[PDB]
């Protein structure tokens, strides 16, 4: 008790160092206040903050015991009275994810520069993936009222340097995300279902043009939906099952859902597409919630119309809110993932809105953007590491 002492051990890592130090300290009236240790690339840092009798800390014996024991095996140690020293470091305010393929040193350099410019302190850096993409996390302490400036600065770095850069709240509450919705077309599934339907009518051309036109936000979603589905007027309803069986999951989708289930997420899809194509898949993927539009069928033939209500841009956010209320999950703990202007209100409503290989209209307002063709890069944004994924998967 009485007086506090800081002991700092550094150098090339060797086994037994940790036990040796506290065994030495036990010969003095040492009680512990804080221990921090890590080994990085065979470099040990062990910082031990203690209190011990004023008697002991004022004597050369504690110093000599520690210095002798540490220096003998080949490491460095410093010892100094503290008293005016933080016992335990404060939590980081935010975390930053940098994803690239590659991540140039220039890219990472620009991130570190923007960070320093805004008075943001880097508390820790670690890797979170080596595949399918290089992933690096920085946990940071952002000055109050500066994280807007920071997201802006880092989105600029992101486009200039060809990496994804996401800044997230690192508070207890915001980290415990519990619910996720995916847009279907070009997010969970490869391509555009409505274009696969249109191709059966020899209309993939017209419909692709309008689809690409609607997802960039240059058109009202409902009017574009009505013109596109009209091109299907006269197709037999059998086409629906046929397109259902041609659907390819986005690379990384099974891994994304599976891992999200391990974490107890409630998972759903919210689509402007069609319930009949989506359900025999949501069932196969064991999803908890589906919202979608519905094709009108007369005499076993599509009419080219949709049965209202239409899930539009507002409808997607409305669906998220509905799902979250039923699931008992506050909006702050919800995640939304999408690629088109169709998805803007949904990402905005969600706690974390993630644009996945998205049109500019969506990236401009999303909380975070992903530019690589791997849906499982979403998991990294959710605080999961690749190693953790592979571990849990290997355990089966």
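Positions refer to the first chain, counted from 1.
Going by the average Cα B-factor in the PDB entry, point out whether 278-286 or 250-258 comes out higher.
According to the PDB entry, the answer is 278-286.
On average, which has the higher Cα B-factor in the deposited entry, 103-111 or 80-88?
It is 80-88.
Quiz for you: based on the deposited Cα B-factor, which of 214, 292, 324, 140 is highest?
The C-alpha B-factor peaks, among 214, 292, 324, 140, at 214.
Take the CA temperature factors straight from the PDB entry and tell me which of 128, 118, 184, 263 peaks.
Checking the PDB record, the top C-alpha B-factor among 128, 118, 184, 263 is at 118.
Can you tell me whether residue 337 has a C-alpha B-factor in the lowest, middle or highest third compared with the other modelled residues of the same chain?
For residue 337, the deposited C-alpha B-factor lands in the lowest third.
Residue 200: which third of its chain by C-alpha temperature factor?
For residue 200, whose C-alpha B-factor we compare with every modelled residue in the chain, the answer is the highest third.
Looking at the C-alpha B-factor of residue 389, is it in the lowest, middle or highest third of its chain?
Lowest third, going by the recorded CA B-factors of the chain.
Considering every modelled residue of the chain and its Cα B-factor in the PDB entry, is residue 345 in the lowest, middle or highest third?
It belongs to the middle third of the chain when residues are ordered by C-alpha B-factor.
Relative to the other modelled residues in the chain, which third contains the C-alpha temperature factor of residue 224: lowest, middle or highest?
Highest third - that is where residue 224 ends up once the chain's C-alpha B-factors are sorted.
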